[PDB]
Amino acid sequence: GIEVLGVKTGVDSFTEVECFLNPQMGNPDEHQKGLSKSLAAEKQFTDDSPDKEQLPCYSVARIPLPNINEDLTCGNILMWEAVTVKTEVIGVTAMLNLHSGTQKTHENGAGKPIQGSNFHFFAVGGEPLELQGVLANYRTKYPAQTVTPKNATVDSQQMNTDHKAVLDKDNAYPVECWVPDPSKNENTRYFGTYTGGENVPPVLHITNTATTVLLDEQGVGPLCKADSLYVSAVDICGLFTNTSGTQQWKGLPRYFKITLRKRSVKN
């Protein structure tokens, strides 16, 4: 694809960009941002039609970078190369509120903390994140305003190589439908952890001293095509339990801080 050349060093060679990404859990109304719509259980396989507000989606933001080429008709040009990232989950202490709309754990007791299944994930790339579709129930009837696997079949619950896509739209790709495709993503770095179980305790660390290096085995980081940097994220912290017993997913925003350098490439 791209012939990679020398890295420009010294002054006016580096740059930093930052970004706060909101979660996309569903947002049933205006007062419930950060949550999903009350969740439904025990739906029959052949009659499951979930609302969009019940389905958390991938978050994505494209970050525009400074144009580094005065002349786009040259043999050698330069591209921005992502070198490192600091990333952080925002508002973890908010869950120490056990009094607002909570269900008591017992008589005279405090409210039940947010807990259960979770998924924390982030990616950095010079292009949209490439996805592969996998379904728990291939007969699920997904709502309009969501991009899900087309022509879902028997094999969509295992390997169906037809379900390829890219994360090009925010709050559109349901988390439960898509995973990052390991057979692609040559120009993206991604990291995720899934934990399942309704009583699973969230464990969340914060610091400004942790850095992730984005260079590959060749010493090359993601190269930003069209002077665009893509950041993607999912941060399902668990389930919020209402006084009534109804539950909805909780999400939190995510921060990015990426350092890039100029690399020469062949045009």
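From 1 onward, residues are counted along the sequence shown.
- For the pair 200 to 208 and 59 to 67, the mean Cα B-factor is higher in 59 to 67.
- Taking the mean C-alpha B-factor of each stretch as recorded, 241 to 249 and 6 to 14 are not equal, and the higher mean is that of 6 to 14.
- Highest CA B-factor among the listed residues (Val92, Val134, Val83, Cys74): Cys74.
- When the C-alpha B-factors of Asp51, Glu30, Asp216, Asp235 are ranked from the entry, the top spot goes to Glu30.
- Compared with the other modelled residues of the chain, the Cα B-factor recorded for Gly26 ranks in the highest third.
- The entry lists a Cα temperature factor for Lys112 that places it in the middle third of the chain's modelled residues.
- When the modelled residues of the chain are ordered by their C-alpha B factor, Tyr142 lands in the highest third.
- When all modelled residues of the chain are sorted by CA temperature factor, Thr193 is found within the lowest third.
- Placement of the Cα temperature factor of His163 within the chain: highest third of the modelled residues, per the deposited record.
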